[PDB]
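Report on the following structure.
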Protein chains: 2
Amino acid sequence: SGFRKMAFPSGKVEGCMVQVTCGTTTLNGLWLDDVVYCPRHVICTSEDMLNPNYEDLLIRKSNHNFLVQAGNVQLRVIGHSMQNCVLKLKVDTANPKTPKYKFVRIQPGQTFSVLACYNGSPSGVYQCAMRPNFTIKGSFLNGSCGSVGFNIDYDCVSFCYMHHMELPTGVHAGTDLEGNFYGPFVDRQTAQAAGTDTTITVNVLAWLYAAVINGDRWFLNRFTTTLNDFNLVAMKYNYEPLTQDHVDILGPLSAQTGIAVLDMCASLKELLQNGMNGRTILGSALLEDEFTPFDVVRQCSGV
Amino acid sequence: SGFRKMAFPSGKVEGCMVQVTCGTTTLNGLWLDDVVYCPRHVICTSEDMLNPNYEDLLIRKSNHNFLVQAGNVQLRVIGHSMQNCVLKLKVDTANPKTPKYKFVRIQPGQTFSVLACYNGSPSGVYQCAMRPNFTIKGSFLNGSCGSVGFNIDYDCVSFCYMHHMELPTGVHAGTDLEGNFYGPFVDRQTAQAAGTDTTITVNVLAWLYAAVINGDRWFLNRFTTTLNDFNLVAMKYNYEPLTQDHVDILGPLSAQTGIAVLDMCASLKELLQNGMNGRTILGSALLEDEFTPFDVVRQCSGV
Ligand SMILES: *[C@H](O)[C@H](C[C@@H]1CCNC1=O)NC(=O)[C@H](CC1CC1)NC(=O)OCc1ccccc1
Ligand SMILES: *[C@H](O)[C@H](C[C@@H]1CCNC1=O)NC(=O)[C@H](CC1CC1)NC(=O)OCc1ccccc1
């Protein structure tokens, strides 16, 4: 038993991280088969980044402007192209450690593992949820761009995120591996801000089920409510509306605990209106919304 | 910027995990050079585990009683011995992926990464602190024994933990890689319980410094206190006493923020006496004590 925020093992992705240098800029790239993917803003200078025309900037580059290093071994660039906000560098060697992989775009409310990297070298791994406002609450320093986010399913790595920037509130923004931003953000130094956010209701309910499975029961009650009545409380507290599909995906957890989803919704209603009164749930004094039903089932099925 | 609980990249350890089978018991082992390390209770049956004499049980085993599998490839056992609570199986192949490594025992209050594994296959990675009562708050299911905890320092893996059991309160206990338990625990099914725990004061202070570096300042005040006066408050709230050495290790964080340690201690005193009044620090509504000064410096130096 026990419930811990847990990342996927990072080894398959570690074998894909390289260092990409252009001019005086060095960031990380992802080396899959004979292609290296990295943020296109690596081709920019300090003044280029205020208002860049990336088509112009890439036309003025050649293959020899790009230094790719897989550890000590330098990789020779034999071609370059752009796909939206990602640069693709073709190299003269297929990565012998390329895993089975997909490029997938994730939905708000879904989670993924981030392998934070600097100078092509992985430094740490942690879980992130895609917020409803299309930011993530990461930990990224200078040089972290090109770090990727991913999920793993039976030795297949689904890449879903490449890191590009930090917003003024300290949250982070990036693209999928096709180079399309999550959210209404652009890769230049301007005055962008995250929109208003909301709490991921299905995830809070999943975490309450994890709590029960791990023996935290103090917040339970005898009451049940209706979907429509619960969704009125959700709007008051800036929670997403609960759909019937969300009720359906919580089915397994509802079955394992014998607590109906609308039964647990009554508990959430009381927690929202009354607070915790000094108590904790799974080691937290706040309602946690960054665990998906899948994340919970992964750790709580055996319990 | 950003501050996230972060594990070390797990790839170097993933390449060392194998599956060890004895009888109808299957758990995980750690394959380094030509030796596999695993919990000795793998040699026990259901009735053996109530009150085992491990010297007798191992004398009655032979090499062919042990099935070791590195993925699909079965490894041939050519010798076996016991070191305290760990079984060492000598195999006819040195692990080609053996990293530079050490076996180190950690101190309460220190952190490490856990690579949770089942059937020799890594499933997730997360950070744990060794509690003052020598337990950890993990996430371990049946089959997780033999999973290891580690820190990484310049491609050298320092192994510090191997998982053995779950206590009745849901926390976890295990050994160092020499097979010596952390804490007053034994590897048999009996009525063991964790002793009383305390809060790791130097870690809470380190986390408050991380908060300031990341822009959370609401808990700061103009007051300073003395070491002796603070240690009186620490005893009332079941916090460890602050030593001068702890003040010294917080030096860099104190310098980076311009807030003296005894200045920050006044803030902690107020938080302990008054609570948070509905506010949060680094996304938590509780005082967090599982980040070391090193953990904080790793993420906050660049900020
Ligand atoms: C790429 O490595 C870098 C990552 C930032 C650096 C600090 N934390 C991060 O996540 N990205 C940038 O520097 C981008 C580049 C523009 C998108 C084209 N700019 C940026 O993030 O500016 C905000 C910022 C905040 C704090 C410190 C530096 C920069
Ligand atoms: C080894 O894989 C297993 C790990 C436990 C299983 C559930 N969570 C864990 O951490 N260890 C054991 O089963 C040990 C064996 C005895 C030490 C010799 N026993 C044990 O943990 O018993 C407590 C327990 C609690 C919940 C479920 C099963 C067992």
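In what follows, every chain begins at residue 1, and chains take the letters A, B, ... in the order their sequences are listed. Keep in mind that the numbers below use all heavy atoms, side chains included, and drop hydrogens, waters and symmetry copies.
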- Note on the structure: Most contact-rich option vs chain A, by heavy-atom pairs under 4.5 angstrom, among B/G138, B/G302, B/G170, B/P122, is B/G138
- Query: Which atoms of B/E166 come close to chain A, meaning under 4.5 Å heavy atom to heavy atom: side chain ones, backbone ones, both, or neither?
  - Reply: side chain
- Side chain, backbone, both or neither: which part of B/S123 has a heavy atom under 4.5 Å from chain A? both
- Query: Which pair of non-hydrogen atoms, one from B/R298 and one from A/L141, has the smallest distance, and what is that distance?
  - Reply: O-CD1, 4.4 Å
- Max heavy-atom pair count under 4.5 Å with chain B, selected residue of A/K137, A/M276, A/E288, A/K12: A/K137
- Item | Most chain A-contacting option - heavy-atom pairs closer than 4.5 Å, from B/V125, B/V13, B/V114 | B/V125
- Item | Heavy-atom pairs under 4.5 Å with chain A, option from B/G11, B/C128, B/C300, B/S139 with the top count | B/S139
- Item | Side chain / backbone / both / neither for B/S284 at chain A, heavy atoms under 4.5 Å | backbone
- Task: Tell me, out of B/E14, B/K5, B/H172, who's got the most heavy-atom pairs with chain A below 4.5 Å.
- Result: B/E14
- Message: Just to verify, what does B/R4 make a side-chain hydrogen bond (donor to acceptor under 3.5 Å, both in side chains) with, not counting sequence neighbours?
- Response: none
